[PDB]
Amino acid sequence: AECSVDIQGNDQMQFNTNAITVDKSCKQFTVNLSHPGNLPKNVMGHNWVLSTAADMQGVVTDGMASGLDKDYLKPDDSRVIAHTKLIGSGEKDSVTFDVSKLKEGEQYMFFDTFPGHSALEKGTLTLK
Ligand SMILES: [Cu+2]
Ligand SMILES: [Cu+2]
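Residues numbered from 1 in each chain as written, not as in the entry; some residues may be left out. Chains lettered and ligands numbered in written order. Heavy atoms only, no water.

As annotated in the PDB entry, the chain is Azurin from Pseudomonas aeruginosa. The Function field of the UniProt record for the chain holds the comment "Transfers electrons from cytochrome c551 to cytochrome oxidase." Listed in UniProt under the heading Subcellular location, the comment for the chain reads: "Periplasm". (UniProt positions renumbered as here; feature names shortened; annotations may be inferred.)

Next up, the structure:
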């Protein structure tokens, strides 16, 4: 089955999609993140961050607090299942993670932790 998805975050603080499904027969899964737009990372940075739905709010609150110099993630946040870097316009980054980190089921959320961006740039990910 397919084992990767392309995710775009724009200067309008949107993701191209709000739903990912990871096929159970995938051993690894790749998210390829792009940033169309003109604005740099410090002003309009986007990342793609994965956790359980329950952990989403701590990860976003703790990450905002941590500042640009930590790419808005709390250092050593063991609630983060996988994530890309924080990127600015014209950049791209991919993350490939072990699908065995994902459960039956649960209910993951992917989101951007740049301050305020999770209000639109969020979605559900499910193992299926
Ligand atoms: Cu396959
Ligand atoms: Cu963002």
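A. Summary view of the coordination of the copper ion (ligand 2). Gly45 (O), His46 (ND1), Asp112 (OD), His117 (ND1) and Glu121 (OE) make up the full set of protein donors to the copper ion (ligand 2), lying at 1.7 to 2.7 Å. For the copper ion (ligand 2), the single-chain donor residues occur in sequence as G-H-x65-D-x4-H-x3-E. Of this pair, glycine 45 sits in the loop between α1 (41-44) and β4 (49-52) while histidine 117 sits in the loop between β7 (107-111) and β8 (122-127); the two residues are 72 residues apart in sequence, bridging distant segments of the chain. (Donors = N, O, S within 2.8 Å, 3.2 Å for Na, K, Ca; no water. Helix = DSSP H or I, 4+ residues; strand = E, 2+ residues; numbered from the N terminus.)

B. Fine view of the side chain of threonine 52. Here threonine 52 shows up in strand β4. On the basis of relative accessibility, which here comes to 16%, the residue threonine 52 falls in the buried class. Not counting the four nearest positions on each side in its chain, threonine 52 is found in contact with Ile81, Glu106, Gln107, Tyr108 and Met109. (Buried < 20%, exposed > 50% of the residue type's maximum accessible area, 1.4 Å probe, protein only. Contact = heavy atoms within 4.5 Å.)

C. Quick look at the pattern of salt bridges. For the structure on display, the rule yields five salt bridges. Two residues, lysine 74 and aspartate 62, come together in a salt bridge whose shortest N-O distance is 3.6 Å. One end of the pair, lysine 74, is in the loop between α2 (53-66) and β5 (82-83); the other, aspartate 62, is in helix α2, and 12 residues separate them in sequence. The exposure class of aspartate 62 is partly exposed, given its relative accessible area of 27%. Overlapping salt bridges, with partners in common, bring together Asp62, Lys74, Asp77 and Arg79 in one network. (Salt bridge = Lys/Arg side-chain N within 4 Å of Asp/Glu carboxyl O.)

D. The arrangement of the coordination of the copper ion (ligand 1) in detail. Around the copper ion (ligand 1), the protein supplies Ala1 (N) and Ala1 (O) as donor atoms, at distances of 1.7 to 2.3 Å. Along the chain, the position of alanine 1 falls in the segment before β1 (4-8).

E. Looking closely at the packing of aromatic side chains. By the definition in use, this model includes five aromatic pairs. Summarising the aromatic geometry, the rings of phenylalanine 29 and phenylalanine 97 are spaced 5.9 Å apart at their centres and angled 55 degrees between planes, so their arrangement reads as tilted. Of the two residues, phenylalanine 29 sits in strand β3 (residues 28-34) while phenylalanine 97 sits in strand β6 (residues 92-98), which places them 68 residues apart along the sequence. The pair formed by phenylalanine 29 and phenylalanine 97 is uniform in burial state, with each residue classed as buried. Members of the aromatic cluster, connected to one another through ring pairs, are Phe15, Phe29, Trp48, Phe97 and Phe110. (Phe/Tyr/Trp six-rings, centres within 6.5 Å; stacked < 30°, edge-to-face > 60°.)

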